[PDB]
file final-v3.tsv (TSV, C-alpha atoms)
chain	number	residue	atom	x	y	z
A	12	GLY	CA	9.56	-25.72	33.34
A	13	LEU	CA	9.63	-29.42	34.11
A	14	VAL	CA	13.36	-30.13	34.23
A	15	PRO	CA	15.14	-28.51	37.21
A	16	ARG	CA	17.62	-25.69	36.75
A	17	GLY	CA	21.16	-26.92	36.29
A	18	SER	CA	23.19	-29.42	34.40
A	19	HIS	CA	22.05	-32.84	33.33
A	20	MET	CA	24.97	-34.67	31.81
A	21	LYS	CA	26.68	-37.93	32.60
A	22	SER	CA	29.27	-37.07	35.22
A	23	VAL	CA	31.95	-38.89	37.20
A	24	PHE	CA	33.06	-38.57	40.80
A	25	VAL	CA	36.59	-39.75	41.54
A	26	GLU	CA	37.61	-40.37	45.13
A	27	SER	CA	41.20	-39.74	46.06
A	28	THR	CA	43.11	-42.16	48.25
A	29	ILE	CA	42.41	-39.85	51.20
A	30	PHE	CA	38.70	-39.24	50.52
A	31	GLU	CA	38.12	-42.96	50.00
A	32	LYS	CA	39.83	-43.91	53.26
A	33	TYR	CA	37.87	-41.38	55.31
A	34	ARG	CA	34.52	-41.02	53.49
A	35	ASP	CA	32.42	-43.49	55.45
A	36	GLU	CA	33.85	-42.13	58.68
A	37	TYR	CA	31.80	-39.04	57.85
A	38	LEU	CA	28.88	-39.60	55.47
A	39	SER	CA	26.01	-42.01	55.31
A	40	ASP	CA	25.40	-43.22	51.76
A	41	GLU	CA	22.32	-41.00	51.65
A	42	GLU	CA	24.46	-37.95	52.51
A	43	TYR	CA	27.05	-38.95	49.93
A	44	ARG	CA	24.52	-39.43	47.09
A	45	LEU	CA	22.78	-36.18	47.99
A	46	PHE	CA	26.18	-34.48	47.77
A	47	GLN	CA	27.02	-35.88	44.33
A	48	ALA	CA	23.55	-34.99	43.12
A	49	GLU	CA	24.04	-31.39	44.24
A	50	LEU	CA	27.38	-31.09	42.42
A	51	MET	CA	26.03	-32.80	39.32
A	52	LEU	CA	23.29	-30.21	39.00
A	53	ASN	CA	25.73	-27.39	39.76
A	54	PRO	CA	29.48	-27.59	39.59
A	55	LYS	CA	30.79	-24.21	40.78
A	56	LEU	CA	28.58	-24.78	43.81
A	57	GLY	CA	31.59	-24.92	46.12
A	58	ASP	CA	33.32	-21.78	47.34
A	59	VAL	CA	36.61	-21.15	45.56
A	60	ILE	CA	39.93	-21.18	47.40
A	61	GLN	CA	42.67	-19.11	45.77
A	62	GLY	CA	46.27	-20.13	45.28
A	63	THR	CA	44.89	-23.61	44.64
A	64	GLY	CA	44.02	-23.46	40.94
A	65	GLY	CA	40.26	-23.90	41.21
A	66	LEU	CA	39.66	-26.06	44.28
A	67	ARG	CA	36.29	-25.62	45.99
A	68	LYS	CA	34.88	-26.17	49.48
A	69	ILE	CA	31.29	-27.34	50.10
A	70	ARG	CA	29.80	-27.42	53.61
A	71	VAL	CA	26.88	-29.87	53.69
A	72	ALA	CA	26.87	-32.91	55.99
A	80	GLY	CA	26.12	-30.73	60.67
A	81	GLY	CA	29.49	-29.32	59.63
A	82	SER	CA	31.18	-31.70	57.19
A	83	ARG	CA	33.18	-29.99	54.44
A	84	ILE	CA	34.38	-31.59	51.18
A	85	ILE	CA	37.09	-30.14	48.94
A	86	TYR	CA	36.91	-30.94	45.23
A	87	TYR	CA	38.14	-29.98	41.77
A	88	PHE	CA	35.81	-30.19	38.76
A	89	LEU	CA	37.55	-31.01	35.47
A	90	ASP	CA	36.15	-28.82	32.69
A	91	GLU	CA	36.66	-31.07	29.66
A	92	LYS	CA	36.33	-34.61	31.03
A	93	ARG	CA	33.38	-33.81	33.35
A	94	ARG	CA	35.02	-35.64	36.27
A	95	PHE	CA	35.06	-34.38	39.84
A	96	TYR	CA	38.14	-35.11	41.96
A	97	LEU	CA	37.00	-35.47	45.57
A	98	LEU	CA	40.27	-34.50	47.28
A	99	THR	CA	39.41	-34.84	50.97
A	100	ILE	CA	36.63	-34.47	53.54
A	101	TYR	CA	37.16	-32.95	56.96
A	102	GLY	CA	34.80	-32.20	59.78
A	103	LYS	CA	33.69	-28.82	60.90
A	104	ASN	CA	35.44	-28.60	64.25
A	105	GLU	CA	38.65	-30.00	62.96
A	106	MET	CA	41.30	-28.22	61.04
A	107	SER	CA	39.58	-25.33	59.39
A	108	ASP	CA	42.70	-23.27	59.27
A	109	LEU	CA	43.87	-22.65	55.80
A	110	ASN	CA	47.48	-21.81	55.23
A	111	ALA	CA	49.98	-21.69	52.38
A	112	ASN	CA	51.66	-25.08	52.89
A	113	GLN	CA	48.15	-26.57	52.69
A	114	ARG	CA	47.03	-24.65	49.58
A	115	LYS	CA	50.29	-25.50	47.80
A	116	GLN	CA	50.25	-29.24	48.56
A	117	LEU	CA	46.55	-29.44	47.69
A	118	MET	CA	47.41	-27.80	44.37
A	119	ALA	CA	50.18	-30.36	43.86
A	120	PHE	CA	48.06	-33.46	44.43
A	121	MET	CA	45.24	-31.88	42.45
A	122	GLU	CA	47.62	-31.36	39.52
A	123	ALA	CA	48.83	-34.93	40.06
A	124	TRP	CA	45.41	-36.30	39.23
A	125	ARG	CA	44.77	-33.56	36.64
A	126	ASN	CA	47.60	-34.68	34.36
A	127	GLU	CA	46.69	-38.40	34.51
A	128	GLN	CA	44.22	-38.07	31.61
A	129	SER	CA	46.04	-35.34	29.63
B	2	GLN	CA	36.83	-46.17	29.78
B	3	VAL	CA	33.50	-47.03	31.45
B	4	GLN	CA	30.35	-46.51	29.37
B	5	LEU	CA	26.98	-45.48	30.81
B	6	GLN	CA	23.92	-45.24	28.58
B	7	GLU	CA	20.45	-44.97	30.09
B	8	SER	CA	16.89	-45.43	28.80
B	9	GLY	CA	13.24	-44.91	29.72
B	10	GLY	CA	11.24	-41.93	30.86
B	11	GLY	CA	8.47	-39.65	29.75
B	12	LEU	CA	5.44	-39.04	30.53
B	13	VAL	CA	2.61	-41.56	32.26
B	14	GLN	CA	-0.98	-41.74	33.54
B	15	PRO	CA	-1.52	-42.11	37.31
B	16	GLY	CA	-1.59	-45.77	38.34
B	17	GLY	CA	0.49	-46.56	35.25
B	18	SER	CA	3.86	-48.27	35.05
B	19	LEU	CA	7.23	-47.09	33.69
B	20	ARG	CA	10.60	-48.89	33.63
B	21	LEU	CA	13.69	-46.73	33.81
B	22	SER	CA	16.87	-48.64	32.88
B	23	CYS	CA	20.51	-47.69	32.74
B	24	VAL	CA	23.52	-49.69	31.50
B	25	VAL	CA	27.16	-49.66	32.54
B	26	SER	CA	29.71	-51.37	30.36
B	27	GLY	CA	33.37	-51.18	29.62
B	28	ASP	CA	35.67	-53.80	30.91
B	29	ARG	CA	35.83	-55.49	34.27
B	30	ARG	CA	35.46	-53.74	37.58
B	31	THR	CA	34.26	-54.33	41.11
B	32	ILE	CA	30.82	-53.02	41.62
B	33	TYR	CA	29.89	-51.76	45.09
B	34	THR	CA	26.50	-50.05	44.95
B	35	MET	CA	24.03	-48.53	42.65
B	36	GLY	CA	20.83	-46.61	42.74
B	37	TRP	CA	18.46	-43.96	41.50
B	38	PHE	CA	17.99	-40.30	42.54
B	39	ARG	CA	15.05	-37.99	41.81
B	40	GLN	CA	14.48	-34.24	41.98
B	41	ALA	CA	11.33	-32.25	41.38
B	42	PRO	CA	11.62	-28.51	40.70
B	43	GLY	CA	11.80	-26.07	43.57
B	44	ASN	CA	12.75	-28.50	46.33
B	45	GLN	CA	15.61	-30.69	47.47
B	46	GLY	CA	15.93	-34.02	45.71
B	47	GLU	CA	15.75	-37.43	47.30
B	48	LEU	CA	17.53	-40.73	46.78
B	49	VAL	CA	14.97	-43.11	45.33
B	50	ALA	CA	16.56	-46.52	45.67
B	51	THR	CA	19.83	-48.26	46.37
B	52	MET	CA	21.31	-51.72	45.90
B	53	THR	CA	24.61	-53.11	47.14
B	54	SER	CA	26.47	-55.70	45.08
B	55	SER	CA	25.12	-58.13	47.71
B	56	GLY	CA	21.53	-57.33	46.81
B	57	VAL	CA	20.83	-55.21	49.90
B	58	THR	CA	18.29	-52.59	48.86
B	59	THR	CA	16.96	-49.43	50.39
B	60	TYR	CA	13.89	-47.56	49.11
B	61	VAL	CA	12.53	-44.22	50.21
B	62	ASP	CA	9.34	-44.28	52.25
B	63	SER	CA	7.07	-42.60	49.66
B	64	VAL	CA	7.83	-45.24	47.02
B	65	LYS	CA	7.67	-48.33	49.24
B	66	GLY	CA	5.81	-51.12	47.49
B	67	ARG	CA	5.53	-49.32	44.14
B	68	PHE	CA	9.11	-48.92	42.87
B	69	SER	CA	11.40	-51.91	42.83
B	70	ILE	CA	15.26	-51.75	41.83
B	71	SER	CA	16.64	-54.75	40.01
B	72	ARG	CA	19.89	-55.63	38.29
B	73	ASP	CA	21.49	-57.71	35.54
B	74	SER	CA	25.16	-58.73	35.72
B	75	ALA	CA	25.72	-60.02	32.19
B	76	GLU	CA	27.75	-62.89	33.60
B	77	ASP	CA	29.62	-60.31	35.65
B	78	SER	CA	31.90	-60.31	32.75
B	79	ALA	CA	31.00	-57.12	30.92
B	80	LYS	CA	28.06	-54.91	31.99
B	81	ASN	CA	25.45	-54.43	34.53
B	82	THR	CA	22.12	-53.00	33.64
B	83	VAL	CA	20.22	-51.46	36.55
B	84	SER	CA	16.44	-51.17	36.22
B	85	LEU	CA	14.12	-48.98	38.21
B	86	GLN	CA	10.63	-50.44	37.91
B	87	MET	CA	7.97	-47.91	38.84
B	88	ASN	CA	4.37	-49.09	39.31
B	89	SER	CA	1.14	-47.50	40.55
B	90	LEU	CA	2.74	-44.16	39.67
B	91	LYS	CA	1.46	-41.25	41.73
B	92	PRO	CA	1.89	-37.65	40.53
B	93	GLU	CA	4.31	-36.99	43.40
B	94	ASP	CA	6.68	-39.23	41.43
B	95	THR	CA	7.05	-36.53	38.75
B	96	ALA	CA	10.76	-35.68	38.76
B	97	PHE	CA	14.09	-35.81	36.93
B	98	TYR	CA	15.48	-39.32	37.50
B	99	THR	CA	19.22	-40.13	37.37
B	100	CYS	CA	21.04	-43.41	38.02
B	101	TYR	CA	24.49	-44.05	39.45
B	102	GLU	CA	26.93	-46.89	40.08
B	103	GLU	CA	30.00	-47.08	42.31
B	104	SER	CA	32.51	-49.21	41.05
B	105	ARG	CA	36.51	-49.67	41.05
B	106	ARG	CA	38.46	-50.96	38.10
B	107	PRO	CA	41.56	-53.05	38.76
B	108	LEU	CA	44.31	-50.81	40.18
B	109	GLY	CA	41.91	-47.92	39.55
B	110	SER	CA	39.82	-45.27	41.19
B	111	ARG	CA	36.68	-45.73	43.28
B	112	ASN	CA	34.25	-43.80	41.10
B	113	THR	CA	30.59	-43.31	41.12
B	114	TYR	CA	29.16	-42.87	37.59
B	115	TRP	CA	26.03	-40.80	37.00
B	116	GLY	CA	23.49	-40.70	34.20
B	117	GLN	CA	22.23	-37.88	32.05
B	118	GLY	CA	18.91	-38.30	33.82
B	119	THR	CA	15.45	-38.32	32.31
B	120	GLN	CA	12.22	-36.48	33.13
B	121	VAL	CA	9.25	-38.51	34.32
B	122	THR	CA	5.92	-36.71	34.40
B	123	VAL	CA	2.94	-38.41	36.03
B	124	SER	CA	-0.03	-36.20	35.17
B	125	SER	CA	-3.74	-37.04	35.12
call {"tool": "encode", "arguments": {"input": "final-v3.tsv", "output": "C-alpha cells"}}
result
Amino acid sequence: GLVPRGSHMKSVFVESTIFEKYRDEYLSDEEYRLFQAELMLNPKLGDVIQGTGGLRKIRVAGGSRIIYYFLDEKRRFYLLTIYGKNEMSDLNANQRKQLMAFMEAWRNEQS
Amino acid sequence: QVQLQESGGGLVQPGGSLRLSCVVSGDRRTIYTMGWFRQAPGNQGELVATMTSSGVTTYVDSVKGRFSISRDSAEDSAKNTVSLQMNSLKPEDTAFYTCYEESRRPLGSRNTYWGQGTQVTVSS
C-alpha cells in the first residue's frame, strides 16, 4: 500500500528540563527529527524497562540512547533524558524509582 | 492548547506542482524551528526541509531547487502557517509528508508538534 506501516496522527514531543539542557550536546537536528519521526510512526518502539511504569529506551544516534514515556490518551511523548552509550548504562533501583517519580510528575500535570 | 491543522497532498503528474501547508495556532509562544519530513514505504525516511525562526533553511540534496519552505507569522501574534512548495515533482518524491514545529509557550515546555501527515503520489 502507499501509506507506510504505522501511526499517522498529530503527536507531541515534550522535552524535560534535563533532555532540553543536554539534547544538542548529543544530536544534530537531523538526528533529532529522524528520532521523533521514528517514534511517531511507532510508539512502543523503545525497549521497556520494568519497575518504571512504562518507560522505554531507544538506541539510535553511534550509541546515543533516549528514555521516554508515551502518554496513551493525550498522544504526547515525554522525553525524559538522553545519555551516551559509553556513559552510565548501569541500571539500578534508585534510578528506576526516581525516573518513575519524575515521569509521574509530568504524567499528572494534564490529569 | 496549541492547534495544528494541515492541508494539501494527493496525487500529481511528474513535473507538476503541489503546495503542502500546515498551520499552528493557539496563543503566543516562541517558535524555534520548523520543517517537513517524508517517508516512502520500505525504507528509512528523510527530513525534507527545515527553517529556523531566523529564516535559516536546510533542504535535502534530492529536492534542491525544486522544493522551497516558506512561512507566515500572522503578525507573530497568533499563528504561523508553514508551507512546503514542491515544484518539478519527480516520482522519487512520492511519500508520506508530515510537518513539525518546535516551539515553547511562556513558562512552558519546549515541544515539537507534528502533523497527521499526508500522502503525496507522483505517478506518470
call {"tool": "interface_residues", "arguments": {"input": "final-v3.tsv", "of": "chain A", "to": "chain B", "cutoff": "8 Å", "atoms": "all atoms listed in the file", "output": "ChimeraX atom specification"}}
result
/A:13-16,19-27,31,41,44-45,48
call {"tool": "atom_distance", "arguments": {"input": "final-v3.tsv", "atom1": "CA of residue 57 (chain B)", "atom2": "CA of residue 33 (chain B)"}}
result
10.8 Å
call {"tool": "atom_distance", "arguments": {"input": "final-v3.tsv", "atom1": "CA of residue 32 (chain B)", "atom2": "CA of residue 54 (chain A)"}}
result
25.5 Å
call {"tool": "atom_distance", "arguments": {"input": "final-v3.tsv", "atom1": "CA of residue 34 (chain A)", "atom2": "CA of residue 100 (chain A)"}}
result
6.9 Å
call {"tool": "residues_around", "arguments": {"input": "final-v3.tsv", "residues": "residue 77 (chain B)", "least_positions_apart": "6", "cutoff": "12 Å", "atoms": "only C-alpha atoms", "output": "MDAnalysis selection string"}}
result
chainID B and resid 25:32 54
call {"tool": "closest_residue", "arguments": {"input": "final-v3.tsv", "among": "A:40, A:127, A:105, A:58", "to": "residue 92 (chain A)", "atoms": "all atoms listed in the file"}}
result
A:127
call {"tool": "residues_around", "arguments": {"input": "final-v3.tsv", "residues": "residue 14 (chain B)", "least_positions_apart": "4", "cutoff": "7 Å", "atoms": "all atoms listed in the file", "output": "compact mmCIF listing (two decimals) with C-alpha atoms, in the coordinates of the input"}}
result
# COMPACT_ATOMS: atom_id res chain seq x y z
CA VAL B 123 2.94 -38.41 36.03
CA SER B 124 -0.03 -36.20 35.17
CA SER B 125 -3.74 -37.04 35.12
call {"tool": "closest_residue", "arguments": {"input": "final-v3.tsv", "among": "B:64, B:52, B:35, B:21", "to": "residue 91 (chain B)", "atoms": "all atoms listed in the file"}}
result
B:64
call {"tool": "residues_around", "arguments": {"input": "final-v3.tsv", "residues": "residue 55 (chain A)", "least_positions_apart": "5", "cutoff": "9 Å", "atoms": "all atoms listed in the file", "output": "mmCIF file with C-alpha atoms, in the frame of the given file"}}
result
data_model
loop_
_atom_site.group_PDB
_atom_site.id
_atom_site.type_symbol
_atom_site.label_atom_id
_atom_site.label_comp_id
_atom_site.auth_asym_id
_atom_site.auth_seq_id
_atom_site.Cartn_x
_atom_site.Cartn_y
_atom_site.Cartn_z
ATOM 1 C CA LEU A 50 27.380 -31.090 42.420
ATOM 2 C CA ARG A 67 36.290 -25.620 45.990
ATOM 3 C CA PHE A 88 35.810 -30.190 38.760
#
call {"tool": "axis_aligned_box", "arguments": {"input": "final-v3.tsv", "around": "region 12-27 of chain B", "padding_each_side": "6 Å", "output": "lines of an AutoDock Vina configuration file"}}
result
center_x = 15.9
center_y = -45.2
center_z = 34.0
size_x = 47.0
size_y = 24.3
size_z = 20.7
